[PDB]
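The chain below stands alone and is given in structure tokens; this is the form deposited in one PDB entry.
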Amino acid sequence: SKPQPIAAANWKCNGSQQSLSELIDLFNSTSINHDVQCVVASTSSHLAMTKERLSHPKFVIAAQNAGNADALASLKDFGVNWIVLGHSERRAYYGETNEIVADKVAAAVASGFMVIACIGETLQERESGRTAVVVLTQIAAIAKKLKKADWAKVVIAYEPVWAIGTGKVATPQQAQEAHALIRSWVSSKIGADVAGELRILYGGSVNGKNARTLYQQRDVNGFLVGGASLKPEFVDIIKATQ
């Protein structure tokens, strides 16, 4: 069946410390009796805080965007071994190419980290019918520096960039397509055993309502919630991974 689910919260800067605070308390008070791996990603400025307050047993802490070998080392020593790389806004605003992103992922994985790699196409990419070539080009970049063994440390997060504030809305059905597309290349390129236990999270707009239908999809193994999607309702999202 499906590998172990993953419910990750991608927190960022223009979000308050109090906001981050309240959330952590919520998570702590929450009961999770099912097999799921929760994750709280955070920028550098909050790593210390969430590290000191997050106590839920089904939760782990993760960093975002660490590339430098020294930076990695610190994280490891600081007690953080999960990292989110290749987010849409990183590629767009920080000019993080498939290459740059590939380099990072390899570094992190070498440092013994658990990586969440983000990939996705934009509106113009989809429109022009470049969806396949695009997503595949990305995944290929990454897979170019990993060994078959390294994959056990990799998590894929599909980002429907084409639906990020564009007005477009990705139906649960469309997501499945992307995920299925991704899982194929893997099974075909890396191996079946690999594609089998590989996690493919949905990094689109999710909520309490759609989280259920979304998850009932064959190739959907979790979520990467962020932006305006990140709210107390996150709790509901966790539960949906049943």
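Residue numbers here begin at 1 and follow the sequence given.
Just so you know, the form solved in complex with a small molecule exists too; it's not on screen, but the next bit is about it.
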Point to revise | Residue stretch of 49 to 57, 185 to 193, 22 to 30, 200 to 208 approaching the small molecule in the bound PDB entry, non-hydrogen atom distance within 4.5 Å | key: 200 to 208
Point to revise | Sole residue of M114, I164, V134, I100 within 4.5 Å of the small molecule in the bound PDB entry, by heavy atom | key: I164
Exercise for review: Check, residue by residue, if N10, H87 and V225 all come within 4.5 Å of the small molecule in the bound PDB entry, counting heavy atoms only.
Suggested key: yes
Review point. Does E121 reach the small molecule in the bound PDB entry if we count a contact as any heavy atom within 4.5 Å?
Key: no
